[PDB]
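Only one chain is included here, represented as structure tokens and corresponding to the form deposited in one PDB entry.
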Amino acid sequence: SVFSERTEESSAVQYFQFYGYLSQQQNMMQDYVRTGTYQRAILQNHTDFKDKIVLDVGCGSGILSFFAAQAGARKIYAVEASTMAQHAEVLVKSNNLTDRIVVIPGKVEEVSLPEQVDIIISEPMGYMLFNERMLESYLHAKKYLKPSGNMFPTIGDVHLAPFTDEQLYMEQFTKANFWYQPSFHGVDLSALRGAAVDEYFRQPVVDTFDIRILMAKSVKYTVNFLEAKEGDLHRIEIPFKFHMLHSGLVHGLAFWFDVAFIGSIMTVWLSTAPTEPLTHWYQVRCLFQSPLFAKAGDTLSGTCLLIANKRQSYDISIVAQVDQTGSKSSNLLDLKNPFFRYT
């Protein structure tokens, strides 16, 4: 299928195994900012659902389909590829909605829907928005979308901003320097030290932080889900030019994302920004092995390039330079393999 061609088996097996756990579904459900904003977006745009045909891509427990039902949808196809599909079905019966919600087990790239739909709803966002590559399945699902059908969410904004955080940098750096020691139990590791630093700084750091650590206004990259094609997400190039508001060491870029549900009655935003209340997405920071020094008023420019891989994630390339000194930093980060720092 489109899905298996882009996905290593051993990756897909881990992936849907993970979403097969009630405890992981619960973890998403309990993100109240997440779950309550989806519900508001759907219920306050009830005219977008009343008597409509809906597709829920990756329905998990079914929770968004129940919201579509609460908003008056006529029929909701809830597609789910993990064994969580069987639990969703149980909930549909115990909630007496068998006449309106139809669970369809399988990958949205591989199942058959009986008819085209008025609106697709999903929660396909990973870390940094793009992790997991589920946004492609969401876009793929537009093959079932009627002309001028809507998408909920409708657009996604990824934000990047340079940050300073010596304590985080040193913390990762101290980790790598285990492999600097010349006599670990009589053994000289130091020859692997470079490869260690590379491996640790490959990991994006997932947690939250104070906005005070940000040294410039964020740059925004927007994906419009109504318009984008799957292939748009195979290679994502995000150019940036920051105007430094503070002097200091730039330790890397911080990422977060917002999505907007652009309904007929109103637009509702769900934000994972550090100025907003914390969600289970936290935020993400990619460190530089070698931080850049900049002065307030310098411009920091470069590119963040995300290249999709068959492990349902991205290889991240970040090149940045302080234009005023030509100090340049190059980094590649493996998004599939984040360091979850949050405590």
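Don't overthink the numbering: it's just position in the shown sequence, from 1. Throughout, rigid core stands for the largest set of C-alpha atoms superposing within 1.5 Å between the two forms.
If you average the C-alpha B-factors over 91 to 99 and over 107 to 115, the higher value belongs to 107 to 115. Relative to one another, 81 to 89 and 140 to 148 have unequal mean CA B-factors, and 140 to 148 is the one with the higher figure. Listed residues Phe163, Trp256, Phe184, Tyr180 were ranked by CA B-factor as deposited; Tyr180 comes out on top.
Take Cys304, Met28, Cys59, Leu55 and read off each C-alpha B-factor from the entry; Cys304 has the highest. When all modelled residues of the chain are sorted by CA temperature factor, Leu226 is found within the highest third. In the deposited entry, the Cα temperature factor of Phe66 sits in the bottom third of values across the chain's modelled residues. Compared with the other modelled residues of the chain, the Cα B-factor recorded for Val33 ranks in the lowest third. Looking at the C-alpha B-factors along this chain, the one for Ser247 belongs to the highest third. Per the deposited record, the Cα B-factor of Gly126 falls in the lowest third when ranked against the other modelled residues of its chain.
Form deposited in another entry: not shown, discussed below.
The only C-alpha among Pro105, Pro182, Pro239, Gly72 that moves by 2 Å or more between the shown form and the other one, given a superposition on the rigid core, is that of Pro182. After superposition on the rigid core, the Cα of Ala195 moves by 2 Å or more between the shown form and the other one.
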